[PDB]
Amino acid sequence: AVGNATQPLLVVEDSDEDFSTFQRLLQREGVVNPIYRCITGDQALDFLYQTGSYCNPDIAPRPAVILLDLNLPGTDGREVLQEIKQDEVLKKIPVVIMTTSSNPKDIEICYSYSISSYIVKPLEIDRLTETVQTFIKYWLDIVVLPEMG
C-alpha cells in the first residue's frame, strides 16, 4: 500500500473515462488516500468552501491535495484556481493542474498563481501510467503536505 488514509485527494474532472482510467491506476498501486470527485467548478468551490448549496459539507473533508482540470462545465477550472488562491486557508492546499490544454497562456497564468505544477494529460497509456505512478510517489509518499491545507 501507498499513501495516507487521512489525507484526501480531491479530483476535479468532468470526463468519466479520464477519471475512471486515473482511479483504476491508483487502485493498481494500492493507494489508500480517499478520493473525492467533483465534475463541475461549481461543485469544487462549494466543496472547498463547505458552502453546502451543491454538496453536503459533512461528507466533504478538506483535501490535502487537489488535482484540477482547467476545462470544466459550469464555472471552469481557471476561475476555480483564481478563487482558491485568494483564500487565506485554501491557497495553502497544493494544486496540481492536469488538463488537455497545452496553451502557453494557461501555463503562464497558472504558474503566476503559484499552482504546484502543471501536467498535460498524455494520450498514450504507457505515458499516462508513468505520469500517474510518479504523481503518486511524489505527492502521496515523498512530499510533506500542510496539515490538510
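Numbering starts at 1 and follows the sequence shown.
Legend: mean Cα B-factor per stretch from the PDB entry, 62 to 70 versus 83 to 91; the higher mean is in 83 to 91. Per the PDB record, of the two stretches 45 to 53 and 99 to 107, 99 to 107 carries the greater mean B-factor over its C-alpha atoms. Ranked by C-alpha B-factor against the other modelled residues of its chain, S116 falls in the middle third.
When the CA B factors of the chain's modelled residues are split into thirds, the value for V32 lands in the highest one.
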